[PDB]
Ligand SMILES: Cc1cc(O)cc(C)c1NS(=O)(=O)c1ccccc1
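The form deposited without the ligand is given below as one chain in structure tokens.
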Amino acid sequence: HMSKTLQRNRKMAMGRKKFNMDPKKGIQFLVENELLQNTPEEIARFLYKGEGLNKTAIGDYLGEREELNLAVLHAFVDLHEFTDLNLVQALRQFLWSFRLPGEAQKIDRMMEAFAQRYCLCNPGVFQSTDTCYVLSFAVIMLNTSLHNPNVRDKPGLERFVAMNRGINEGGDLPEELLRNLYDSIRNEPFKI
């Protein structure tokens, strides 16, 4: 009925504000008030929609070490559809959906989940998920090198190719793959 609906709508809005202050307390409020189901998939869908949510707060929640948060991270990455995207296209979508936390171990978990998902969606591209993980960081590093004026000397394609030798199960990646990724970043920085 109407009074219940209007009350719930405001409590939902309050829950989002609570989440931005402290993600775990926000989710607790939403769950306890029957505004969000306490399942990894439903929490992940809520974060992926991201309505009124701070993207740093989303990343904070996704980076927590406890079981439920790990399961939400997995489900959240599973909502991303990377089939027929190149690695840069996929990274753009992933990195837009939340801000990575600062802590190394958290970023590692998140980028490993990304790499696994990318490879599952595109089984023919990288036979090794380690290759995908390393190349994903190469692309992020290239974005900084090309587009941050703090980095004074810009790596050319030839250098980018050389930097990534030997990571394709002991061989090299196809040169055209590396060129396509380099050109994508050069022509369009990761969105700010």
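Shifts are known only where both forms have a C-alpha. Position 1 is the first residue in the sequence shown; the rest follow in order. For the two forms, the rigid core is made up of the largest set of C-alpha atoms that agree within 1.5 Å on superposition.
When the two stretches 112 to 120 and 98 to 106 are set side by side, the higher mean Cα temperature factor goes to 98 to 106. Mean CA temperature factor is higher for 152 to 160 when stretches 152 to 160 and 23 to 31 are set side by side in the entry. Comparing C-alpha B-factors across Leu146, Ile43, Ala57, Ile140 in the deposited entry, the largest value falls on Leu146. Across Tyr133, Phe126, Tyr48, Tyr61, the entry's maximum B-factor at the CA atom is seen for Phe126.
Per the deposited record, the Cα B-factor of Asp84 falls in the highest third when ranked against the other modelled residues of its chain. When all modelled residues of the chain are sorted by CA temperature factor, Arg179 is found within the highest third.
The form deposited with the ligand bound exists for this protein as well; it is not shown, and the discussion that follows is about that form.
Taking the partner from elsewhere, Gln37 is found to have every heavy atom lying beyond 4.5 Å of the ligand in the bound PDB entry. Contact between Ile140 and the ligand in the bound PDB entry is found at the 4.5 Å heavy atom cutoff.
Using a 4.5 Å cutoff between non-hydrogen atoms, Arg99 counts as a contact of the ligand in the bound PDB entry. The shortest heavy atom separation between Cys121 and the ligand in the bound PDB entry exceeds 4.5 Å. Put simply, of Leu79, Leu85, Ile107, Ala71 only one has a heavy atom within 4.5 Å of the ligand in the bound PDB entry, and it is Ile107.
Using a 4.5 Å cut-off to the ligand in the bound PDB entry, each of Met111, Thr144 and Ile192 places a heavy atom inside that distance. Legend: core-fitted overlay between the shown form and the other one; highlighted is 100 to 102, the single run of at least 3 consecutive residues with CA shifts of 2 angstroms or more.
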